[PDB]
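For reference, the structure is listed below as structure tokens.
Readers should treat all values here as calculations from the given coordinates under stated rules, not as data from a laboratory. All Cβ positions, even for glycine, are placed from backbone atoms using ideal geometry, and neighbour counts span all protein chains on display.
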Amino acid sequence: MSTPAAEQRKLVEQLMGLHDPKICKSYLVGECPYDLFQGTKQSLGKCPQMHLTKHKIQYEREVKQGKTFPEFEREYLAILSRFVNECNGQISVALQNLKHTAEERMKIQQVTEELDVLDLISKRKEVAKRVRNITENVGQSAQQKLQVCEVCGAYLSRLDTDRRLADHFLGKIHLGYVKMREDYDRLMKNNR
Amino acid sequence: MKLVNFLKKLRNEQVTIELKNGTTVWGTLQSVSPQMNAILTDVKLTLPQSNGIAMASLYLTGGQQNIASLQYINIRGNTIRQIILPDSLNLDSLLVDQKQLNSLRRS
Amino acid sequence: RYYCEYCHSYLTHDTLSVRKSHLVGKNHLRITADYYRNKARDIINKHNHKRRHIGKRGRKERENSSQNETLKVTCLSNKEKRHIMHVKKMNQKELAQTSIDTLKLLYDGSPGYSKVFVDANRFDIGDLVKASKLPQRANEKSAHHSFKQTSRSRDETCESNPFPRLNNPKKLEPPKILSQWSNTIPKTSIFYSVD
Amino acid sequence: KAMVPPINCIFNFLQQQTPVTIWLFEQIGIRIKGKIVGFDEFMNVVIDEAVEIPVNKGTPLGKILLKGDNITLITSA
Amino acid sequence: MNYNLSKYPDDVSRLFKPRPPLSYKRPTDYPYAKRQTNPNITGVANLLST
Amino acid sequence: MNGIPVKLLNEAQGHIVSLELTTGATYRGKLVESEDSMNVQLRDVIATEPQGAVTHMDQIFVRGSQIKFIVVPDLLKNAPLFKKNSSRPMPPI
Amino acid sequence: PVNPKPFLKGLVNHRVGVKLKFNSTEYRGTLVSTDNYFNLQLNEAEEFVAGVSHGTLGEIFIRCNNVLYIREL
Amino acid sequence: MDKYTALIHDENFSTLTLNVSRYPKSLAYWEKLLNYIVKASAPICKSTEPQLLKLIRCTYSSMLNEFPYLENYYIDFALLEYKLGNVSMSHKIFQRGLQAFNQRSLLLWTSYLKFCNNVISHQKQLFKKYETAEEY
Amino acid sequence: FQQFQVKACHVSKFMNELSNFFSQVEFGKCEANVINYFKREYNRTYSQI
Amino acid sequence: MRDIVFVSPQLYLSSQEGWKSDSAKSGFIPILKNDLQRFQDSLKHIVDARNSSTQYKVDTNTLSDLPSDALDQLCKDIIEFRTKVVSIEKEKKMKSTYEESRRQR
Amino acid sequence: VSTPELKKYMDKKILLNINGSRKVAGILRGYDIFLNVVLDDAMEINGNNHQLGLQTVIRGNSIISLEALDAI
Amino acid sequence: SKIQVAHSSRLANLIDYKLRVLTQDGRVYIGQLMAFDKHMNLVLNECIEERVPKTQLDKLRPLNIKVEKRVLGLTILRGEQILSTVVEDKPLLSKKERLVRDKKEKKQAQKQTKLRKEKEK
Amino acid sequence: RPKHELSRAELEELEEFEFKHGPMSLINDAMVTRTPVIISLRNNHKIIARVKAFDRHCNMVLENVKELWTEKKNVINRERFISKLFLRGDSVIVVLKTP
RNA sequence: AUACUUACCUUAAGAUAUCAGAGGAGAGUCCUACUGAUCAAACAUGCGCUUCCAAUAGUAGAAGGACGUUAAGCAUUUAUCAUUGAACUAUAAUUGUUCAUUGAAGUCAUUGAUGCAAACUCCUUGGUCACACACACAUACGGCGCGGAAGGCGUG
RNA sequence: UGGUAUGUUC
């Protein structure tokens, strides 16, 4: 807001049994996927369930000493499994797009025309033709030079240095998705 | 219902202003901001019977030669303690509140 | 909304994370540095001359001044004064950019050279050197230079390099002289110097 | 550990119900001791079992709605 | 004054040689420990009586 | 919205400035990152208390309402914020 | 558990006391009404200069600028 | 435990301290011991232990009283005290450093005046100090 | 402090030279406990030698 | 100061008083209190002669965040490992399919 | 409106000054858009020592500045 | 000081005038304003801050007064701790010369917009 | 209810409703029954006057002002009669109405 | 410069001077190249209006300073506390006197700080302008030259 | 329906 007093009033009004559908169980356990992708380009919109800080503090005080609720944990596990399946489908679509870009029609035609002319002295000529074909393949792959991120499914680069890569890893999408992968691996280690 | 619009109808009025520091300012009003940042001309200002900070503020404005005569003074809103209007002005005609009349007619 | 007066670029609703990232990028740095250099050059180069006030001079001053002598005015052509003023401008900028650096290279083998003069193990301003490294997120900026860093650590002691003359030093630079007045040097030295 | 904002700090301070030392303005002001029961967005803090001690013989005060513009510092005694 | 954190080059920094530090003198006002309005303001019951 | 003076205070980031506080303590140091609320952060800070003494802080952060003034360097005498008739090259839709 | 607005709406019609910032003005009377900016309106108030009284006042309007706290007896 | 207690019970610190106090006029031992003490405090700030800062000050004072002709180490300890907050002790270290050469060492005058260009808060006193450096 | 030397004089020459010295020099604004400061510095210097 | 003792060999080898102290006197070397016997046993002969993955190199990530700098190195090491593995798989498949095509043609 | 940039003071010891002398040295645990400062293990420093509980919260109106006592 | 400040002018019209602005302390700042805002935050070119000492205040209470002047240069002063502002000294160039300068600035800005339109094509 | 989410251009009606039935019942009673009130200010300037207008900032127009303060050196009371006054709500400590 | 990846973000609203009357649109609201009045801005324009604009028939002087000198000028005022030892005035956390061990910070400044007072020098500004080196005035002063700078009032 | 900044190839 334009005044900070209305912001503090909003914080008070959103800060002040428990098994109700209005409480977001993924936020009640922690790290809701609709919260970790709020304003980025991969946004899901808005969470339909409400988020609260007093219920989160009560859940933390209950999980500290009192007890734990497996139903909200199972719902968060199902939501994390559905989001991980959607992200794995997006990563498979990105891998299929990369394989289609590596296997284009004109690129395969140029590679076949280079390999058709690739065939002591004959072995040295074949080695030179294979080196020229490898240089042509490296020049064709260097037109994009886009790898696949093994975790978040984005695009990376091999010739890029570690500082721009470290700038890439410190985003909202990557931190949220690594936290979701850690939660999914913890729940699969607890369940199995 | 802000009464700064009442002071906006008080142009060319020869008033005094007592400030929170203690200075009495005799001068004619020219204009006033809606944040009550009032400009005055043909001004003499006086610190009566003390406050050494007010005496420093009185002397260090140029034109002392403790009545200080200055040509043009802008005064900030939070330094205004009170303003005394001349008694010859009719308060029943300047406080008509035409904005409040339009707001009552809009209801 | 936000508008950069330097880069002449607009923006979306005013986010501090976007505005902070705008003042770090290289295009804003180039435009800002060039604008500050040109405004400083304009306020130096603006010859605000005084408005002249000529009065009707006295009689005896006119009989004294018009009888003493008449001086000769020197003047040059356009390319000559242009070349001379360009040489004077490059001399003024190379004097404004230079500084004496004799104490840094004269105490180079001192035992506390790695604690004061190294400018990275300095106490008060060394955290400022270690903070902004300009971390070279471009790979070409890190792959361009292929020379040694020669970073002298603070932990270098007096046990390393015990004799400063065996480890080959440099002969100190001669006192530089003005090239316009270089023709009046004593051409004969006092002692015979070889090589 | 993590970040603890001041509104959630006062909220946990309200839940725990520790003994409270609330400071105020300078030498005219008087340090109060009590227990927090309510607050709001303008930091108008409601306290109970209040004993006031001046700056270096305490008197009981009851239940107090202390306003925001004089509150300086809150500690857990 | 010699080495900077600044992203600008040295040619900008020679143009950004700042002002000399300010000559400090003794203050005139009361410090903020003593900054307050007037105490012991009496009640308004004496005006309603006489 | 923001205004010219807060843009000028955000303009001189990374430069040797000198603050004076409301108590009388004068700070002097390199401005780290200024904000719209003038809550400004300084580095290599030299401080003069109202009692008179001189000390040195490493990393100070002062709130904007307790600032008397701040001195920017003189090369910001000529700034495009000071230009009265600077037109606007086609703002986006 | 509680908030100052329901506690202050329930504080109406009670012998309450208000201390000011000046440690020489304390008004003890019956509260009548209070707005969202927490201006105070009291009836049959009593002045208390450093503990000792001076006289009864009556219907009075205490501004929220100069209050320090309000108490319940 | 803090860094000071771990600095006492460390095995290398006692050996370096005994090699310093065994041959006091071996400057390389002093510099190794000083670098080990500075390495023991990898953050250098005002929030560290004063029981270790007093030991750092005693080590620098012993090194500057044993070897008063070291030009750089007066600058080092003076800017260390300037980093630790105060400037009166740093001015005392500069004054005893200039007295160690009897007012005729160019590097200490240069570093003290580059220090005094920021910390003097007075113009006539700066001019009297620069004229003293001019005449000496 | 500044050290001052007199050498190889009679009584009257000592009187005249000390009076001509103190008639030209101008003192002023000495520190209060500078005597103990000189004692500590003198003892420190001769303990060093 | 506790657990310290100030001592100088210039006053001990000359056999003078005040050669050791516990307080900060100018000109003394501070040694440990439990090692003073090791100091006295060391100078015995002088007294006897007197009597008679390739991630996070801490050079690029210096102006970055100091908070999440542990997982950031791990992610970089994982990305480098993945880039190495994808290169190795490509090099293995390049000498398998082409070798089979060379055996077919 | 804007959140103040106290991210560099996340796990470092700071020293608030209150109004001319009350130097509260603590460890910053959190802040708001009002410069209200949460300090763990507070300590009052006078020119003597006084302890101020385990946790504390300090109003941003009386806060003038703060010295970063720990290195960054 | 026979300047005859304008009788119907405001802060948009008082720009580039050598102001003599008074504060709550009395620390008078003298300098040219170049900008303002809604909170009356004033930048001050070639500014000097003048005060009176505590010993001079006894002589000022009912002649020469030795004021203490410090030089601030280009500063930016806040509108909270200020009290009043007046116009002390007129600027160097006149109203007609400022009008010709503003017409030259408008023509230069129109030429810059034509250059941006030419570079955009 | 939050202030920003009530409505648009109908906040003046709620302000008048708070004026009629809130803490403003004493400033409303003084301006319609022309009774004199005693306003004590933040610098001992006690004002006995009649109220002419009401403001959200408690900016009050006062007619036939009799003001009084006390100088403590020794103890004297100095008064002044001012015809018209426009008092700011910053200076106001308290407002007392006589029956 | 094109092509692509990544990091952040994707917007508080309403309106453009006021009053009175007439007409139109299905008590309330909107419009009129509709009419009268006030106010604001811009451009011109005039008021025997108000203030200022520096010798040259000399080697000066007006305004603002020196963050300039004499000038370390003259007259005053301060330059840390506590425990104990050898004496001690003594209501104090031995305060006071002489000497010291130790303990925490410990502005530099005493050629310092405040007040007083004169002289010299140097910086930025101008109409350094047109005629003449002249006998006017109680209705106190022919303001009846070409302009410039600041402002007031009046008209289109 | 977009903007700012950065890294590769032509």
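A few comments on the model shown:
- Restricting B:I73, B:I84, B:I67 to those that are over 17 Å from the mean Cα position of the chain (by Cα) and either within 24 Å of L:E50 (Cβ to Cβ) or away from RNA strand N (no atom under 13 Å from the Cβ) (or both) reduces the list to B:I67.
- K:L35 touching a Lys or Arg at 6+ places or on another chain (Cβ under 6 Å), of a type outside the set (F, W, Y) and on the phi > 0 side of the Ramachandran plot: yes
- When the helices (runs of 4 or more DSSP H) confined to region C:1-86 are screened for residues that are within 30 Å of F:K7 (Cβ to Cβ) and not basic (K, R), those reaching at least 3 such residues are found at C:16-22, C:26-45.
- Exactly one residue among A:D160, A:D167 is within 9 Å of RNA strand N (Cβ to nearest atom), under 22 Å from C:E140 (Cβ atoms) and more than 9 Å from chain J (Cβ to nearest Cβ), and that residue is A:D160.
- No other residue among A:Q49, A:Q38, A:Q58 is under 30 Å from D:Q15 (Cβ atoms), surrounded by 11 or more Cβ atoms within 10 Å (Cβ to Cβ) and touching a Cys at 6+ places or on another chain (Cβ under 6 Å) apart from A:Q49.
- All positions within region B:8-23 that are in contact with an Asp or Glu (Cβ under 9 Å, 6 or more places away or on another chain) and surrounded by 15 or more Cβ atoms within 10 Å (Cβ to Cβ): B:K20
- Screening region B:28-53 for residues that are within 27 Å of M:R78 (Cβ to Cβ) and part of a loop (DSSP other than H, G, I, E, B) and picking the one that is nearest to the chain's Cα centre (by Cα) gives B:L47.
- J:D3 being within 16 Å of RNA strand N (Cβ to nearest atom), in contact with a helix residue (DSSP H, G or I) (Cβ under 8 Å, 6 or more places away or on another chain) and at positive phi: yes
- Residue that is nearest to A:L156 (Cα to Cα), among those in region J:55-77 that are facing another protein chain (nearest Cβ under 8 Å) and among the β-branched types (V, I, T): J:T60
- Looking across region H:97-118 at every residue that is more than 9 Å from chain C (Cβ to nearest Cβ) and either surrounded by fewer than 16 Cβ atoms within 10 Å (Cβ to Cβ) or within 16 Å of RNA strand O (Cβ to nearest atom) (or both), the one that is nearest to C:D119 (Cα to Cα) is identified as H:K114.
- Residue check, C:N91 within 16 Å of RNA strand N (Cβ to nearest atom) and more than 8 Å from every other protein chain (Cβ to nearest Cβ): no
- All of F:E35, F:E20 fail the test of being surrounded by fewer than 22 Cβ atoms within 10 Å (Cβ to Cβ) and either closer than 23 Å to L:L42 by Cβ or more than 7 Å from every other protein chain (Cβ to nearest Cβ) (or both), apart from F:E35.
- Taken together, the residues in region J:78-104 that are within 11 Å of chain A (Cβ to nearest Cβ) and under 39 Å from the mean Cα position of the chain (by Cα) amount to 10.
- The residue of region B:54-72 that is farthest from the other protein chains (Cβ to nearest Cβ), among those that are in a loop (DSSP other than H, G, I, E, B) and among the hydrophobic types (A, V, I, L, M, F, W, C), is B:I67.
- When region E:14-50 is filtered for residues that are among the small types (G, A, S), part of a helix (DSSP H, G or I) and buried (at least 16 other Cβ atoms within 10 Å of the Cβ), only E:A45 remains.
Yes/no per residue for (1) within 16 Å of RNA strand O (Cβ to nearest atom); (2) under 19 Å from the mean Cα position of the chain (by Cα):
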position: L:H7; (1), (2): no, yes
position: L:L14; (1), (2): no, yes
position: L:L57; (1), (2): no, no
position: L:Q81; (1), (2): no, yes
position: L:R98; (1), (2): no, yes
position: L:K106; (1), (2): no, no
position: L:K119; (1), (2): yes, no
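- Check on C:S132, within 25 Å of E:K17 (Cβ to Cβ) and out of contact with any helix residue (DSSP H, G or I) (no Cβ under 8 Å at 6 or more places or on another chain): yes
- Of all residues in region A:111-160 being among the small types (G, A, S) and over 15 Å from J:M94 (Cα atoms), the one that is farthest from RNA strand O (Cβ to nearest atom): A:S122
Per-residue answers, yes or no, for (1) among the hydroxyl-bearing types (S, T, Y); (2) within 14 Å of chain H (Cβ to nearest Cβ); (3) over 16 Å from E:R14 (Cβ atoms):
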residue: C:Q67; (1), (2), (3): no, no, yes
residue: C:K72; (1), (2), (3): no, no, yes
residue: C:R82; (1), (2), (3): no, no, yes
residue: C:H86; (1), (2), (3): no, no, yes
residue: C:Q97; (1), (2), (3): no, no, no
residue: C:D101; (1), (2), (3): no, yes, no
residue: C:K104; (1), (2), (3): no, yes, yes
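- If the condition is being charged (D, E, K, R), within 14 Å of RNA strand N (Cβ to nearest atom) and more than 11 Å from the chain's Cα centre (by Cα), then region H:45-82 contributes H:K46, H:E49, H:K54.
- Among the residues making up region A:24-61, those that are farther than 22 Å from A:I173 by Cα and among the charged types (D, E, K, R) are A:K54, A:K56, A:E60, A:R61.
- The lone exception for M:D29 - which of (1) more than 12 Å from chain B (Cβ to nearest Cβ); (2) on the phi > 0 side of the Ramachandran plot it fails: (2)
- Within region C:21-50, residues that are at the interface with chain F (Cβ under 10 Å from one of its Cβ atoms) and within 16 Å of RNA strand O (Cβ to nearest atom) have Cβ atoms under 9 Å from residues that are among the hydrophobic types (A, V, I, L, M, F, W, C) and part of a helix (DSSP H, G or I) in these pairs: C:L23/C:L29; C:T32/E:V12, counting only partners at least 6 apart in sequence or on another chain.
- From the list L:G73, L:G31, the one residue that fits, being in contact with a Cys (Cβ under 7 Å, 6 or more places away or on another chain), more than 9 Å from chain F (Cβ to nearest Cβ), within 15 Å of RNA strand N (Cβ to nearest atom) and more than 28 Å from E:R35 (Cα to Cα), is L:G31.
- Flag for M:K20 being over 15 Å from the mean Cα position of the chain (by Cα) and within 28 Å of G:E26 (Cα to Cα): yes
- Strands (runs of 3 or more DSSP E) completely within chain K that count 2 or more residues being over 25 Å from A:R9 (Cβ atoms): K:13-18, K:22-30, K:37-45, K:63-68
- Helices (runs of 4 or more DSSP H) contained in region A:12-124 and holding at least 1 residues under 30 Å from the mean Cα position of the chain (by Cα) and within 23 Å of A:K189 (Cα to Cα): A:25-29, A:53-61, A:70-102
- Given (1) more than 14 Å from chain D (Cβ to nearest Cβ); (2) in contact with a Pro (Cβ under 8 Å, 6 or more places away or on another chain); (3) of a type outside the set (K, R); (4) farther than 18 Å from A:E62 by Cβ, number of the condition A:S26 does not satisfy: (4)
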